[PDB]
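Next up, structure tokens for two forms of one chain, structure 1 and then structure 2.
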Structure 1
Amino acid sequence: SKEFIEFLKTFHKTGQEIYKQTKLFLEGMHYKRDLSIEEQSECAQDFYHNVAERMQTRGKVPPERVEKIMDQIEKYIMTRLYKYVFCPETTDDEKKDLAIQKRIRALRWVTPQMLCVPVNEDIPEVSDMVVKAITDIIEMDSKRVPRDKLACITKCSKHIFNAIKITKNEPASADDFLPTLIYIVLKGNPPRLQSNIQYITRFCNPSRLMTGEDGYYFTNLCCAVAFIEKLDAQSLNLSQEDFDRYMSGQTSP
């Protein structure tokens, strides 16, 4: 909080204005605490939109330093907002976390071969990449700021990419990448997975998700979770007989 003020002091009669607008927004959020999370999210998103535009207009600041200060804004606001807006009791975030956790647990038997995962864990360097990717996705929940949660997803993906490139000696396509990320998520069963996804969607500076790499990897995480939710015998090229046997928890593939 002290660092945010010192940071903004740098920007003269543009830093004071941002600080005022940030404080106004945060005061607005306090008076919206008893509204729906959708309404709280629209407020933050409007705020991101409006502070960015009011910088291009009545501020004349280079787009290089504009992203850098939006990162500082996001960190200040979300550090303060996290306790209130992450997994709120008025939502089904907890319910969704438990259901995905239970679902991922149910699917503990699914092998990389079933998912046609292009990684060979018998190569020690590949095994090390997989271990790191699982830790990256697990760490997501330990970070409070959406940008830092996104960085865990992105780190996880690049460790996955290394695992695939070492195994295959070709750069991963989406067809290679997505089943590997699904597999990593199944092995990691990352804590509060839906709450993390919802929080990023609701409160991340909307820009970072639009075109750039963090947006791509986050989208892929969303695809992984959606695939896991609806996964059936046909998904894994299994007969219903085998799928049902594995699902019972009584049989090893």
Structure 2
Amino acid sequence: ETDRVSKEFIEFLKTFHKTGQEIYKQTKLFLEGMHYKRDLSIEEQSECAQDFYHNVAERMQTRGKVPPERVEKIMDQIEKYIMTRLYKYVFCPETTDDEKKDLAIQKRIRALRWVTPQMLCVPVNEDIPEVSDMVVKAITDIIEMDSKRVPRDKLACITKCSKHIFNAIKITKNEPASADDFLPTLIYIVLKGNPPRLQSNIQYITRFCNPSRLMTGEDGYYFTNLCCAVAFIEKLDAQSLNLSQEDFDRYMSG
């Protein structure tokens, strides 16, 4: 696969022949350097990648007189390339509590399989085949996030998931979904899906995705909601589900 990305990257840079070859050298040198920084904290490595993005984006416009309109495409090609290559080294580092967190969240979600959409006031009626299918399609995308290496592709999965969510809500209510309808539905989808390495995926995106795509409202709104969904689940309690500590503890055990 990576060879496919390398070919696509090299072929893509010839398109800009002049500046292209230059960017390729800079990119190859950045990776060579990251090899020597493998032992640093994931935060610092994230900083090297974030700086690399910034510095290369400001080196074309100037030295290459490249149109600020074509830059975006290029940057996406660069992220695809380097992240496709760093993935094995920066995703869920043994040097972080990423794995311990993936496990706690997984165990946590697995212990909450008794939580119903009703308890969460979720505007989703799975007794309606169409809605049920929307729900499973949503889960599919959230789960497939883990199989993607590039942060942008991981984001695309989150977006595809949320779009199935809105249709599930639309069909159930027979009208457009309200603002307050989303988050509860996403929490439900995550509870029923228990997405692989949820915490590692969230951190990876936050660490190596071009920040320009995370708080711009586009995929940023969806990403923020998923983080908010995980946090909601982490601290979910009796009152949270609209119950008395009594009931809650009953379910949680028996």
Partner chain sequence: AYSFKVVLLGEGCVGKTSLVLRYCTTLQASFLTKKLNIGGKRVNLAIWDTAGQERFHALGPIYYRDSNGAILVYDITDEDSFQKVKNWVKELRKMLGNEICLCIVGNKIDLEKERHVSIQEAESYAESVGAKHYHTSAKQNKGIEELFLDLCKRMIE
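Heads up, when I say rigid core I mean the largest set of C-alphas that superpose within 1.5 Å between the two forms. Just so we're on the same page, residue numbers count up from 1 along structure 1's sequence.
Asker: Between the two structures, is it 1 or 2 that corresponds to the form deposited with its partner chain bound?
Answerer: It is the first structure (the form deposited with its partner chain bound) rather than the second.
Asker: Kindly check if the Cα atom of residue 33 is displaced 2 angstroms or more between structure 1 and structure 2 relative to the superposed rigid core.
Answerer: No; that C-alpha moves by less than 2 Å between structure 1 and structure 2.
Asker: When the rigid core is used for the superposition, does residue 191 move between structure 1 and structure 2 (threshold: C-alpha shift of 2 Å or more)?
Answerer: No: residue 191 shifts by under 2 Å between structure 1 and structure 2.
Asker: Does superposing the core leave residue 61 with a CA shift of 2 Å or more between structure 1 and structure 2?
Answerer: Yes; residue 61 is a residue whose C-alpha shifts (by 2 Å or more) between structure 1 and structure 2 when the cores are overlaid.
Asker: After superposition on the rigid core, what is the displacement of the C-alpha atom of residue 12 between structure 1 and structure 2, in Å?
Answerer: Taking the core as reference, the C-alpha of residue 12 is shifted 2.8 Å.
Asker: Once the two forms are fitted on their rigid core, how many angstrom does the CA of residue 121 move between structure 1 and structure 2?
Answerer: Rounded to one decimal, the shift is 1.2 Å.
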